[PDB]
Amino acid sequence: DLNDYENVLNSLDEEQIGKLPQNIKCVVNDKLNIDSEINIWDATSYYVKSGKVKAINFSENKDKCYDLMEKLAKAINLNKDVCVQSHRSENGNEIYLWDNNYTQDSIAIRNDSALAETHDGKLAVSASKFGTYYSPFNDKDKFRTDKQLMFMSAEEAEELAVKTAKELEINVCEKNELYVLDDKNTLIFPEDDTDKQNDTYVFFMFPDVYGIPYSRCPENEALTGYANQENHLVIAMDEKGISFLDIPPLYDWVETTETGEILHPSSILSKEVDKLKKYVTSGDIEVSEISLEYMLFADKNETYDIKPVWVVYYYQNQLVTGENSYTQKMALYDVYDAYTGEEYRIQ
Ligand code: NA
């Protein structure tokens, strides 16, 4: 049976990474279920490099900054003639802004982030029910549907997102995630009485190197050494075109430090199930994703060590404080060194 736990483990022990399944489903026991995506992205084998990377500073070189600004302005169709530029320096970081005060379109570029948005895009992605953070509930998951909006197909929308990442010169995995922000995306914080829900597609693309995306884990400064964030390039579009473009921190590969064979995900899942069985008293669990990612660890002088990890994303149905039986589905995760299987402490 395709849904037996031992058969699922065996299916995750493929000698060729490209032959692993993309989804697995099985019951472990009456308090632990697996209904999970398997993500090995564009990895070509289990032999993976570790290395050193340098942070890409988007704003330190004014020429490079303005070059990024023009690509973002093309994407959101910003009227550059009527825009007002502003600039600030904060703790050695340069911040550049371009605002169209008539339309409320804006571009903001800092050392490790860039955001271009229309007024409608801003409200769809950041003033409504949709949220981009995995923690604490993975609210985005309810918008990951096959609905086709009426202004363009999901296939045509994906072609525009792929073309935009190429224009921005950001290498991303072939797999992206699509969120459909239709009427279910309730507008919570309108700015004016004229603001309404606007049908929008939101793609998450994943900047990568050697076919493996940088970590999609929540911030965990104890583990990474810095205020890390989820690696997703967010591209949204409505009937007017691209409406929101958020670029996460990017990195430039400097050198390979070591290369080795990583564990098959069977080894990770069996170890993670053994761990999760011990946390049974804290609530029922459902494993939702096993993913091969590159984690960054702060080193020195804007350099980071880049090493492969296996991330297990799961939900736990936890009792709400002060409640006798009311529970909340919490989005949690575990991280393993992909070479050794060392489990990292996630507090
Ligand atoms: Na609608």
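Heads up: numbering here begins at 1 and tracks the sequence. Counting convention: from 1, in listed order, for ligands and their atoms alike.
A donor atom on one side chain and an acceptor atom on the other are found under 3.5 Å apart for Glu293 and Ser291. Side chains of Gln16 and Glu14: a donor-acceptor N/O pair is absent below 3.5 angstrom, by distance only. A donor-acceptor contact closer than 3.5 angstrom is absent between the side chains of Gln197 and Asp195.
No donor-acceptor distance shorter than 3.5 angstrom exists from the side chain of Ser243 to the backbone of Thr118, with no hydrogens or angles considered.
Excluding waters, the count of protein N/O/S atoms less than 3.0 Å from the Na ion (ligand 1) comes to 2.
Residues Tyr66 and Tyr96 place their aromatic rings such that the two centres sit under 6.0 Å apart. Between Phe297 and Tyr304, the ring center distance fails the sub-6.0 Å criterion.
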